[PDB]
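[1] okay, here's the opening piece of the assembly, coordinates as they are in the complex:
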Amino acid sequence: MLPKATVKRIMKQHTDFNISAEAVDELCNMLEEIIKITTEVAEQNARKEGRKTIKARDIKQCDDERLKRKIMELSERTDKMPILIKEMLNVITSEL
């Protein structure tokens, strides 16, 4: 589990606002979901190369044209999308 005091400390490096305990909890939940799915994808990537060790190369950025299709296809898998993932995407789309 991630330490809530550390997450809130980092949050307050990006805002002067007060931050509720429930808000910190929700970010921690999203962060844990991110750790989970990145690690699972990284393992799948190490497997494709026959490795049993996750390396930096297993966290990938697809070239812009493939990632553009992959996002467009994702736009139509929202109805069964985990809440934590919808929240992440809401943040990413609200920020850009």
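    That came through, no problem. Residues are numbered from 1 along each chain as shown, chains lettered A, B, ... in the order given.
[2] center of chain A - which residue?
    Residue closest to the average C-alpha location in chain A (CA atoms, centre = their mean): residue A:34, at 3.6 Å.
[3] Any figure for the gap between it and residue A:91?
    Separation of residue A:34 from residue A:91 (CB to CB, to the nearest Å): 11 Å. In short, each C-beta sits where N, CA and C put it, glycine included.
[4] Residue A:48 too?
    As defined by CB to CB, residue A:48 lies at a distance of 30 Å from residue A:91.
[5] between these two, who's got more neighbours?
    Ranked by neighbour count (other CB atoms under 10 Å), residue A:48 and residue A:91 place residue A:91 first, with 12 against 8.
[6] The more buried one sits in which helix or strand?
    Applying DSSP states H and E as the criterion places residue A:91 in helix A:83-95.
[7] Report the distance from that helix to the chain centre.
    9 Å (CA atoms, centre = their mean, to the nearest Å).
[8] Mind giving me the packing neighbours of it?
    Counting contacts by 3 or more CB pairs under 8 Å, 6 or more residues apart in numbering; DSSP states H and E, helix A:83-95 is packed against helix A:21-48.
[9] Can you give me every residue that contacts residue A:60?
    residue A:45 (CB atoms under 8 Å, 6 or more residues apart in numbering).
[10] what do you get for residue A:28?
    Applying CB under 8 Å, 6+ apart to residue A:28 gives the contacts A:1-2, A:4, A:7.
[11] Make CSV from the residues you listed and add distance to residue A:28 to it.
    Shown next, in CSV, are these (distance: CB to CB, whole Å):
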residue, distance to residue A:28
A:1, 8
A:2, 5
A:4, 6
A:7, 5
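[12] now for chain B:
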Amino acid sequence: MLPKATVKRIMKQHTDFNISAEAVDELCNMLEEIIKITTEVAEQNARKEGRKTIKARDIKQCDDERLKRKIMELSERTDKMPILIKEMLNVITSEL
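    The block that follows adds chain B to the chains above:
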């Protein structure tokens, strides 16, 4: 700066593979970026409602209808996407 040891410990709850230091560092970079943009978007939602406190409601999901539209429009914005956001989106579109 999240503690890299505890992030790797969370990773190992989801994979049996070894994990290199550089992989842990990469994920930590992603997590720090997520903390930043989630807090920045949260503050904006707090402001829109006249508050100076980030609450759980500011880490939000709209509808599956508005989210679907923003994910479509996100697909046309790869060029302004920082690498860390691209890696997050690659993970999300590779996983589930």
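[13] what do you get for what packs on helix A:83-95 once chain B is counted?
    Judged by 3 or more CB pairs under 8 Å, 6 or more residues apart in numbering or on different chains; DSSP states H and E, helix A:83-95 is in contact with helix A:21-48, helix B:21-48, helix B:64-75, helix B:83-94.
[14] Turn those into CSV, including distance to residue B:12.
    Output for these, formatted as CSV (distance: least, CB to CB, whole Å):
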stretch, distance to residue B:12
helix A:21-48, 8
helix B:21-48, 10
helix B:64-75, 31
helix B:83-94, 18
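[15] Which stretch among those approaches residue B:56 most closely?
    helix A:21-48 (3.8 Å; CB to CB).
[16] in its sheet, what does the next helix or strand after that closest one sit against?
    Heading C-terminal from helix A:21-48, the first helix or strand you meet, by DSSP H and E, is strand A:53-54. Counting by DSSP bridges, the strands paired with strand A:53-54 are strand B:18-19 (parallel).
[17] so which of the helices and strands packed on helix A:83-95 gets nearest residue A:81?
    Closest among the helices and strands packed on helix A:83-95, using CB to CB: helix B:64-75, at 8.0 Å.
[18] is the closest one up against chain A anywhere?
    Yes. Using CB under 8 Å from any CB of the partner chain, we find that helix B:64-75 touches chain A at B:64, B:67-68, B:70-75.
[19] can I get those residues in CSV with distance to residue A:17 and neighbour count?
    Compiled in CSV, the residues of helix B:64-75 next to chain A are given as follows (distance: CB to CB, whole Å; neighbours: other CB atoms under 10 Å in any protein chain shown):
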residue, distance to residue A:17, neighbour count
B:64, 29, 13
B:67, 24, 19
B:68, 30, 18
B:70, 24, 17
B:71, 27, 24
B:72, 31, 15
B:73, 27, 13
B:74, 26, 21
B:75, 31, 18
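[20] Thanks a lot, see you next time.
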